[PDB]
Structures are given as structure tokens and as C-alpha cells.
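Here the structure is laid out as C-alpha cells; the discussion comes afterwards.
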Amino acid sequence: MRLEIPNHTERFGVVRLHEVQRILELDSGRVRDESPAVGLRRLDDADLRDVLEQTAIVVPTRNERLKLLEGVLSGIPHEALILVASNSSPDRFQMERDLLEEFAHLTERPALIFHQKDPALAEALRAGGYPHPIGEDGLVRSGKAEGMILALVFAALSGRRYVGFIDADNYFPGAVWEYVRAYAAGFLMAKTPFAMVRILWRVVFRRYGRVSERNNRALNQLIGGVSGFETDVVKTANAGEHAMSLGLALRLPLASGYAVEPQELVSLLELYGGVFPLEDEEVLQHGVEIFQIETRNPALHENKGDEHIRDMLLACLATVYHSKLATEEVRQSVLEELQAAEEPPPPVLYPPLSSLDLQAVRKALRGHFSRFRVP
Amino acid sequence: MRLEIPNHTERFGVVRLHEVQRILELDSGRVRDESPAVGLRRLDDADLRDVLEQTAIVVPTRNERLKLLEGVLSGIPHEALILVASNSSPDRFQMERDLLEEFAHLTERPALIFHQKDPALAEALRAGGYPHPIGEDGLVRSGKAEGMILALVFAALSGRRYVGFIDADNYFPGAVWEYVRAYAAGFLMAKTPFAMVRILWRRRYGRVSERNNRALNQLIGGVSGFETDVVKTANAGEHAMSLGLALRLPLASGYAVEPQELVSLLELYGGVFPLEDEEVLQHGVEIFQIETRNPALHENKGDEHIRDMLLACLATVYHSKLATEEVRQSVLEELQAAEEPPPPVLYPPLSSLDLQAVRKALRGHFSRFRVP
Ligand SMILES: Nc1nc2c(ncn2[C@@H]2O[C@H](COP(=O)(O)OP(=O)(O)O[C@H]3O[C@H](CO)[C@@H](O)[C@H](O)[C@@H]3O)[C@@H](O)[C@H]2O)c(=O)[nH]1
Ligand SMILES: Nc1nc2c(ncn2[C@@H]2O[C@H](COP(=O)(O)OP(=O)(O)O[C@H]3O[C@H](CO)[C@@H](O)[C@H](O)[C@@H]3O)[C@@H](O)[C@H]2O)c(=O)[nH]1
Ligand SMILES: [Mg+2]
Ligand SMILES: [Mg+2]
Ligand SMILES: [Zn+2]
Ligand SMILES: [Zn+2]
Ligand SMILES: [Zn+2]
């Protein structure tokens, strides 16, 4: 895989936000004689594979068609560990286990499947002192974020060093394959243990674009509000397909809705933008790199209810508005746009996972790891 | 890449035609241990790439959009040589050379591009004593098959062992990438120098292909005297073959090109007629049909051609030296229901062509087929 090297990079405390890099060549082979281009970077196949041998890939699912979900699995590079974070109806779920069990047997590779609503998982989180996403039913709330939180735990428990997410509504297994290799690309290029790779692709769909352009703006306005100089650097406010080093995810709080992806950025700034005093010495001396990679394959998802467009505009502007770094002018610009689609709701934030006692969780799930695992 | 095992194989002379194989896992990583587990075939990445380093990938193009074309290019694995066989308007062709010169420069790889109406090529074919595809005007006729021919020549000259084709109208680089890897998968699975790989992806087009495959299966069954289900790639834009097999096959002009390939494999190597080719008689021919994970999504306009697809393919069969009265009739009934049938235009095998002559005749020119 060859990519553009980023022209400019946004320094913001110890955070480094790179501008969008295009993938030029999907598969650039096995190096042998290197040859140095300053303008782009060629990533060795072996190198990518080795990265993925340390990567977990999370496929979040709630009542997705089985054909699609198996399509997605077949696209994931062999080296990566598959975690299926499920929240489907019990019937559907048991079908998902069966599907994953067969795929993983046939392709001789380890996978993990678990259901968001497991009492054992709730029980485990309490034992680890992270009882924040547990609802009144006594069990973990519904939401994609909540599943991710659980997958992160599994990821941590499995000793994988990088985590990436991939939506299960993909029509194109080959686009999945590109996302996963792009994650690895980004982690190679990264020169810090703290790193995040966000993918973008460039009557109905035509309106999604004006929203993302406005979401992106809102975030650049935020950054500029601190910096004093205005920027266009962020192009990935929303990024369903994004990955981050495990060390970095345990460190970030995560919001709940369509606020999850944009809040990660807001959290990175608030934490490491060097406005507030920085606690973590390791982040202090390695810094953070955020990568924005633009993909060769068109994104094609299955949609079936698109009221959610207004909703995600709302969620992301809310984030920015409520950030501890938003200056009046930024808060105002965000108010006007919204009321232009008299009140602004605050996002729901779960504390960083670093807080969770892994040992306790581990103890909690002794008897059960058997059934999360598929051979 | 992990594939299913063909549930069954048609032996027809020294030809072996394998039943469709699904791709199960796009990228099966690096073997380091072993268990070819009864069910399936697992192909090492290293092996895949070593094959592709011997592969040319032809991309034919006639006024295709530049963005599409470059997308297709970005999808071709590094290891493969890119020949772009063009037949666009002369303005557009210059944009194409530009496009390719840039890509190949940036991604540090070699590529060839040629126009199908180049006088040097018509002249070179004549030098090699292959005057067959040259037109009235003194130039190689327009048509994809004519462009494919020219590519196979360039392929032969560049010393590559395998040629594959990829239509430039693809929306997905990843689909291209899967095609190219699947071609190498076939060539590895094969146990003979002479091997072919045919890709399929599973509204009016539906019936037509069902009926075209049926047409070949009836042809095949006609000779063996037992029915078969095996052909499912009667048409296959995206197909590859070992160069040794391609120089051995005659080629048809229309949409006829792909089906004829199979009709020709029967005629030549099914051993109804006597088989005179030491090497093919000793080694035999394997044909793979691989089913792809990625939906096919191309760009098309004014899709009338579905009918012309049917007529082309069923004509191939009708006029086979191996067609029986029954097949012939069956074929007529079908066409008639969409009183008189046309025989295809068939170019002789490229094996006859003198490359030494072509090499001589293309001296001062190779410089401009090759992009740095
Ligand atoms: N574990 C879990 N998974 C869920 C849940 N709800 C949905 N999912 C799964 O997670 C994905 C959510 O995708 P959609 O529900 O289709 O969301 P969207 O409207 O497509 O928005 C997506 O794309 C945006 C841009 O890429 C993202 O901003 C957003 O986060 C989401 O990924 C799907 O695979 C779905 O099956 C849940 O409560 N729990
Ligand atoms: N060199 C050359 N190329 C051509 C010519 N005409 C078309 N091409 C190029 O070769 C490919 C032919 O694609 P289409 O013209 O879209 O043909 P189609 O109707 O889409 O049918 C294709 O798919 C079928 C099944 O996959 C095939 O039956 C058929 O061969 C063809 O490849 C495209 O990249 C096109 O630009 C030509 O006269 N000369
Ligand atoms: Mg979706
Ligand atoms: Mg086409
Ligand atoms: Zn810039
Ligand atoms: Zn069969
Ligand atoms: Zn031999």
C-alpha cells in the first residue's frame, strides 16, 4: 500500500493531526530495493501483516442480514483477531454464533463473539469497578458505544496492541480489506505508541455531504478557537471505520450516540492540547498522532431508515458546544446552525477504561471465556 | 486466499473443467504451519505474489472515463505488469498515456500502453505474417478482441508467463484486486502449464447468461453423451490464461470471444479429433471458474447488447464442429424465439506469428510503448 505523505500537520499541544492522505496503490508488494521518495510512503507487506498479527478487529452488529455479516468477515485480513460485538435479538444472535463458529473453523482462525446484554459481562464490569454503562434492567445499555466499550475490554484481555472497528453493513468485503490494511499502514507510519487512524471516503446521499461538511467545520472552528489561526485540517469528524492503539483507547472517555466519533477528537484536544495541564507522562513524551486516510474503494452500506441524518448533525455540534475549549464565537456559530434545522443537550460520557480493573474482570469471567471463544 | 474445492470436474479429452469455487477468505495470510483441511484450498501470499511477478494484466479501454481507469490501475497488485490496450479518440489516448506515465512513475513500476490503430503495429503484425486483423485502411480493426490480440503480443514480448484481463469500466479497485489475486490462485492450483481462470459474480442479463451457459453445457453433453451442469462462465470479461495456452487458441471477434475460447478448447483438446500438440497431450488443460466475494459494479449506457450477447454465444455453439443435430436445433429454437444464423469471424492462433520479425519491425518504437 502506497500513500501520500501529508503536506501539513496540525500541532496542537502534543497532538499531531495530519491532513488527509490518499491511498495511491492498494497493494504495493514486497519492497526488496527500497528507493526513497519524500512525497509518499510505500508500506511493506510483511510489515503490514506483522502489525495485523497484533490487531483486533471489532465488527459491531445489531440485527444485520447474515449474508452481509459473513461478507464482512471474509474481507478481514487473516492476521487479525475478529471480535463480533453483538446486540441482536436472541434468535438472531444464536445464528451469528453459528455463522462465526463455521467461518472461523473453516479458515482456521480465532474469533470472539459476545452479546452486549450478557449478565456475565455486566457482572464483570461491576467487579472491575466500571459500572457506568449498566442500565436499570441490571444489564449493559443498548448503543454502539456500549458494545465498543465491551469489545475494548475483550481486546485488552486478548493482548492485542491495536483495535480497529468496521461496520457490519458493508456490501463490499474488499473495502473492509482496504480499511483493515489502511489501519495497519497508519500504525506503521505512526511514530508514537498513541495513534489513531480514521478512514474517509469522498436527493438522499447528497444531503449527507452538507452535514459532514458542517460537522467537520464545527470541529475546525473548535481547534481554531484555541489556536487563534483558522484551519481546515479535520475531515473525519464522523468515522465509523477508525482504529486506535489500545494504549490510547483505554485513555479516552467515550460518548454515547453519534457523538462517539467526534467526541474522541474533542477529548484528544481537551486532554492533550496543552491548555489543561497534562498528567500522563507517557503521552507527554511520545505525543499523539491522528491519521486521516482516504480510501480507494467507494463506501457502500445498506441503509433502511435515514431520519438519522439530522440526528448526527445534532450529536456532533453538541459535543463541540460542550467542550471545555469552545470560545463564545464557536459556541454561537454552533447554536445558529442547529436552530437552523432554542435548547442544546450535553453528551453522555463514560470515563476512560484505564480505570477498569482488568484482574477483577478476568476473575469474573473464569468459567465463561469458553463460550465467548470460537475455535 | 482460501477457496472451496470444486465439487466435481468434467474430463473432456485432456481438458479438465472445474466446477465453480467460491472465494471464502480474501486474504488467508502466510502459511507457516500446515493443514490443507480436506474441505478447501489455502494459498500462500508468497506463492500468490511469485505467480503475479510472472503475470501481465491487460486493461482494454475505449473512451472510458479517466477516473475509472486510474481506479482500476490502483487496484492491480504491484507484482503485475500493466498493459493498457487502448482504442480511444486520439485526444483521449494522450490523456491516457499521461495518466499511466504518472501512476507508474509514482508507484515505481513498469507499464506498457499502446493504441490499437497505431500504424507501427499493423505493420509489425504483417512482418510477423499475421495480416489477419488488419482492416481496409491498413490498420488493425477496432474491437476488444483485436486489442486483446495486440496485448498478447506485447505480453509474449515482455517475457511474462501469464496474461489476465480486467475491464476498465470497474467502479471498485478492490474488485480488481480480488480478480488479479484469484487469477494467481488458479495458476497455483493448476497442475499443468496450460491453465485458464474464469471469474463469475453471483435482471434480463440473468436469463441470458443462464441460457448461454446452458448452451455450452449442451454442446459438451452432446459429445460425452451425459448431461452436465459445469459451465457457468460462458461469458467472462474478467479471465486469465497461461500465455502458452493463449498463443495456442484461435480467437473470435464479438462478444463471441469468451465462449469460443471454451468451444475451441473442446474442438482442439477433447480428443474427438486427433490431438497433435506434444505438450498439451502430455500436460492437459485445466479451466477454473472462480466465484468472487465482491459485487461487480461497472459503468454502462444504452444496454441493448444483452440480445447481441445471446446471439453471439449461441452462434458459437451452433457452428461448432462438435455440435450434434439436437444441440444445433435446440439452439435455433431459442434464438428464433427472440430463420437463419451467422458463423463467427475467427482469427488463427497467435502461435503462428513470428516474434523475431515483430521484434525487428518494432525497433525504434518500443521506446514509446514503454512508460518509465
Ligand atoms: N454491538 C452493537 N452494535 C450495534 C448497535 N447498534 C447498531 N450496531 C451495529 O453497528 C453498526 C451501526 O451502523 P448503523 O446503525 O448503520 O449506523 P449508521 O447510521 O450507518 O452510522 C454509522 O456510520 C457513521 C459514519 O461512518 C458513523 O458516524 C456511526 O458511528 C455509525 O458507524 C451496524 O453494524 C450495526 O449493526 C448496538 O446497540 N450494539
Ligand atoms: N482495445 C479496445 N478496447 C475496447 C474496445 N471496445 C471496448 N473496449 C474496452 O474493453 C472493455 C469492454 O467493456 P464493455 O465495452 O463495457 O463491454 P461490456 O458490454 O461491458 O461487456 C464486457 O463484459 C462481458 C462479461 O463480463 C463480456 O462478455 C465482454 O467481453 C465485455 O468484456 C472496456 O474496458 C472497454 O472500454 C475496443 O474496440 N478496443
Ligand atoms: Mg450503517
Ligand atoms: Mg463493461
Ligand atoms: Zn495542506
Ligand atoms: Zn455441478
Ligand atoms: Zn512438457
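Every chain in the C-alpha cells takes a letter, A first, then B, and so on in the order presented; its residues are numbered from 1, and the ligands are numbered from 1 following the presented order.
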
Could the residues that lie within 12 Å of ligand 7, counting only C-alpha atoms and all ligand atoms, be listed as a list in words?
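So the residues close to ligand 7 are residues 191, 192, 193, 194, 244, 277, 278, 279, 280, 281, 282, 283 and 284 of chain B.
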
Could you list, as an NGL selection string, every residue within 7 Å of residue 79 of chain A, counting only C-alpha atoms and ignoring same-chain residues fewer than 4 positions away?
(:A and (49 or 52-53)) or (:B and (29))

Selection file, N, CA, C and O atoms, as a JSON list (two decimals), in the first residue's frame:
```
[["chain", "number", "residue", "atom", "x", "y", "z"],
["A", 49, "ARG", "N", 1.31, -7.10, 7.61],
["A", 49, "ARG", "CA", 0.88, -8.35, 8.22],
["A", 49, "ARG", "C", 1.29, -8.42, 9.70],
["A", 49, "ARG", "O", 0.44, -8.61, 10.56],
["A", 52, "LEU", "N", -0.90, -6.46, 11.82],
["A", 52, "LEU", "CA", -2.24, -7.02, 11.98],
["A", 52, "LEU", "C", -2.25, -8.23, 12.89],
["A", 52, "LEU", "O", -3.28, -8.57, 13.48],
["A", 53, "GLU", "N", -1.10, -8.90, 13.01],
["A", 53, "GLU", "CA", -0.94, -10.02, 13.92],
["A", 53, "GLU", "C", -1.06, -9.54, 15.31],
["A", 53, "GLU", "O", -1.27, -10.36, 16.18],
["B", 29, "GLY", "N", -3.48, -15.03, 4.59],
["B", 29, "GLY", "CA", -2.27, -14.78, 5.35],
["B", 29, "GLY", "C", -1.12, -15.60, 4.83],
["B", 29, "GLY", "O", -1.11, -16.00, 3.65]]
```

Any idea what the distance is between atom CA of residue 354 of chain B and atom CA of residue 197 of chain B?
26.8 Å

6 Å from ligand 1 is the threshold here; counting only C-alpha atoms and all ligand atoms, which polymer residues fall inside it? Answer as a list in words.
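Answer in the requested format: residues 60, 61, 62, 64, 85, 86, 87, 116, 142, 143, 144, 147, 167, 168, 169, 238, 239, 240 and 258 of chain A.
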
As a ChimeraX atom specification, could you give me every residue of chain B near chain A (at most 9 Å apart, counting only C-alpha atoms)?
/B:1-2,23-30,37,39-40,42,49,71,73-79,103,106-108,171-175,177-178,293-295

Suppose we keep C-alpha atoms; can you now write the selection as a compact mmCIF listing (two decimals), in the first residue's frame?
```
# COMPACT_ATOMS: atom_id res chain seq x y z
CA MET B 1 -6.81 -16.64 -0.22
CA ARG B 2 -8.96 -19.56 0.82
CA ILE B 23 -13.57 -17.40 -2.56
CA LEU B 24 -14.17 -17.88 1.21
CA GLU B 25 -11.47 -15.74 2.75
CA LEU B 26 -9.98 -12.91 0.67
CA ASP B 27 -6.55 -12.99 2.24
CA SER B 28 -5.57 -16.17 4.00
CA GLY B 29 -2.27 -14.78 5.35
CA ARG B 30 1.08 -16.55 5.44
CA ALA B 37 -8.08 -29.15 5.64
CA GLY B 39 -12.63 -29.03 2.56
CA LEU B 40 -10.57 -26.33 0.96
CA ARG B 42 -5.38 -22.24 1.05
CA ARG B 49 2.99 -12.93 -5.45
CA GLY B 71 -9.10 3.48 -10.08
CA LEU B 73 -4.91 0.74 -12.02
CA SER B 74 -4.63 1.46 -8.31
CA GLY B 75 -6.26 -1.89 -7.72
CA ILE B 76 -3.73 -4.02 -9.58
CA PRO B 77 -1.24 -5.71 -7.27
CA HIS B 78 2.28 -4.32 -7.54
CA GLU B 79 3.77 -7.52 -8.83
CA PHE B 103 0.78 6.43 -11.99
CA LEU B 106 4.73 7.45 -8.61
CA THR B 107 4.18 3.78 -7.72
CA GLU B 108 7.61 2.93 -9.20
CA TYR B 171 -16.21 1.03 -10.04
CA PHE B 172 -14.15 -0.84 -7.36
CA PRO B 173 -10.32 -1.09 -7.13
CA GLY B 174 -10.80 -3.81 -4.53
CA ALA B 175 -12.82 -5.91 -7.01
CA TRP B 177 -7.57 -6.65 -6.69
CA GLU B 178 -9.62 -9.72 -5.95
CA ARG B 293 -16.82 -12.08 -2.98
CA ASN B 294 -17.08 -8.54 -4.35
CA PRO B 295 -20.16 -7.49 -6.24
```

Applying 8 Å and only C-alpha atoms, which residues near residue 160 of chain B remain after dropping the ones on its own chain fewer than 4 positions away? List them as a PyMOL selection string.
chain B and resi 54-56+155-156+243

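Atom CA of residue 9 of chain A lies 16.2 Å from atom CA of residue 286 of chain A.
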
Residue neighbourhood residue 261 of chain B, 12 Å, only C-alpha atoms, exclusion window fewer than 6 positions, as a ChimeraX atom specification:
/B:145,196-198,216,233-236,239-241,245-253,255,267-269,287,313,316-317,320,346-347,349

Same residues, N, CA and C atoms, output as a short mmCIF file (atom, residue, chain, number, x, y, z; two decimals), in the first residue's frame:
```
data_model
loop_
_atom_site.label_atom_id
_atom_site.label_comp_id
_atom_site.auth_asym_id
_atom_site.auth_seq_id
_atom_site.Cartn_x
_atom_site.Cartn_y
_atom_site.Cartn_z
N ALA B 145 -11.49 -7.84 -28.92
CA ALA B 145 -10.67 -8.98 -29.31
C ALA B 145 -9.39 -8.60 -30.11
N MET B 196 -6.42 -21.96 -17.32
CA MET B 196 -7.30 -20.82 -17.58
C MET B 196 -8.14 -20.58 -16.34
N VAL B 197 -8.46 -19.31 -16.11
CA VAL B 197 -9.22 -18.90 -14.92
C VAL B 197 -10.34 -17.99 -15.35
N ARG B 198 -11.55 -18.32 -14.96
CA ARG B 198 -12.71 -17.56 -15.39
C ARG B 198 -13.51 -17.08 -14.18
N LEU B 216 -23.47 -23.98 -23.82
CA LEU B 216 -22.20 -24.70 -23.78
C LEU B 216 -22.31 -26.09 -23.17
N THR B 233 -19.44 -19.92 -16.64
CA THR B 233 -18.66 -18.77 -17.11
C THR B 233 -18.60 -18.62 -18.65
N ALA B 234 -19.74 -18.88 -19.30
CA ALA B 234 -19.85 -18.81 -20.75
C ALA B 234 -19.38 -17.44 -21.25
N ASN B 235 -19.82 -16.39 -20.55
CA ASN B 235 -19.19 -15.09 -20.68
C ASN B 235 -18.32 -14.83 -19.43
N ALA B 236 -17.20 -14.15 -19.62
CA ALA B 236 -16.28 -13.84 -18.54
C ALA B 236 -15.30 -12.77 -18.98
N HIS B 239 -11.10 -12.69 -17.29
CA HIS B 239 -10.48 -14.01 -17.28
C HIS B 239 -9.02 -13.98 -17.61
N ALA B 240 -8.28 -14.96 -17.10
CA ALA B 240 -6.87 -15.02 -17.37
C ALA B 240 -6.48 -16.37 -17.98
N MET B 241 -5.32 -16.41 -18.62
CA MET B 241 -4.75 -17.68 -19.05
C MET B 241 -3.24 -17.71 -19.23
N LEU B 245 -1.06 -21.20 -23.41
CA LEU B 245 -2.38 -21.65 -23.85
C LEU B 245 -3.05 -20.61 -24.74
N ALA B 246 -2.72 -19.35 -24.52
CA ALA B 246 -3.39 -18.30 -25.26
C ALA B 246 -2.84 -18.23 -26.69
N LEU B 247 -1.54 -18.44 -26.84
CA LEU B 247 -0.96 -18.44 -28.18
C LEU B 247 -1.42 -19.66 -28.96
N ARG B 248 -1.91 -20.67 -28.24
CA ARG B 248 -2.40 -21.90 -28.86
C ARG B 248 -3.87 -21.83 -29.34
N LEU B 249 -4.68 -20.97 -28.70
CA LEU B 249 -6.10 -20.77 -29.06
C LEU B 249 -6.36 -19.78 -30.21
N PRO B 250 -7.26 -20.15 -31.14
CA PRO B 250 -7.89 -19.17 -32.06
C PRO B 250 -8.82 -18.22 -31.30
N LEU B 251 -9.01 -17.00 -31.81
CA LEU B 251 -9.88 -16.02 -31.15
C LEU B 251 -11.00 -15.47 -32.03
N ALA B 252 -12.17 -15.28 -31.40
CA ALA B 252 -13.36 -14.78 -32.09
C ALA B 252 -13.53 -13.27 -31.88
N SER B 253 -14.31 -12.62 -32.73
CA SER B 253 -14.37 -11.17 -32.75
C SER B 253 -15.34 -10.52 -31.78
N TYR B 255 -18.77 -10.41 -28.92
CA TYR B 255 -18.99 -10.96 -27.59
C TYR B 255 -18.69 -12.45 -27.64
N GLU B 267 -12.87 -28.48 -29.16
CA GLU B 267 -12.57 -28.86 -30.53
C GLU B 267 -11.14 -29.36 -30.62
N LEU B 268 -10.23 -28.69 -29.92
CA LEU B 268 -8.82 -28.98 -30.05
C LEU B 268 -8.36 -30.09 -29.15
N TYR B 269 -8.84 -30.09 -27.91
CA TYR B 269 -8.23 -30.97 -26.93
C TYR B 269 -9.16 -31.97 -26.29
N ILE B 287 -9.26 -25.68 -16.52
CA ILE B 287 -10.10 -24.46 -16.55
C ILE B 287 -10.75 -24.21 -15.18
N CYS B 313 -23.12 -15.94 -28.48
CA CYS B 313 -22.78 -17.18 -27.80
C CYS B 313 -23.47 -18.40 -28.43
N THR B 316 -21.81 -19.45 -31.61
CA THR B 316 -20.56 -20.16 -31.36
C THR B 316 -20.81 -21.66 -31.33
N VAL B 317 -21.76 -22.05 -30.49
CA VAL B 317 -22.14 -23.44 -30.33
C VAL B 317 -22.68 -24.04 -31.63
N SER B 320 -20.18 -25.13 -34.05
CA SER B 320 -19.08 -25.97 -33.64
C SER B 320 -19.00 -27.24 -34.48
N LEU B 346 -13.26 -15.76 -37.06
CA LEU B 346 -12.28 -16.45 -36.21
C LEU B 346 -10.83 -16.28 -36.64
N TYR B 347 -10.07 -15.57 -35.82
CA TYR B 347 -8.66 -15.32 -36.09
C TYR B 347 -7.81 -16.56 -35.75
N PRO B 349 -4.74 -18.97 -34.35
CA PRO B 349 -3.89 -18.88 -33.16
C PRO B 349 -2.66 -17.96 -33.33
#
```

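When atom CA of residue 152 of chain A is paired with atom CA of residue 355 of chain A, their separation reads 12.9 Å.
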
May I ask you to write as a ChimeraX atom specification all residues lying at most 9 Å from ligand 5, with only C-alpha atoms and all ligand atoms counted?
/A:6-9,19-20,232-233
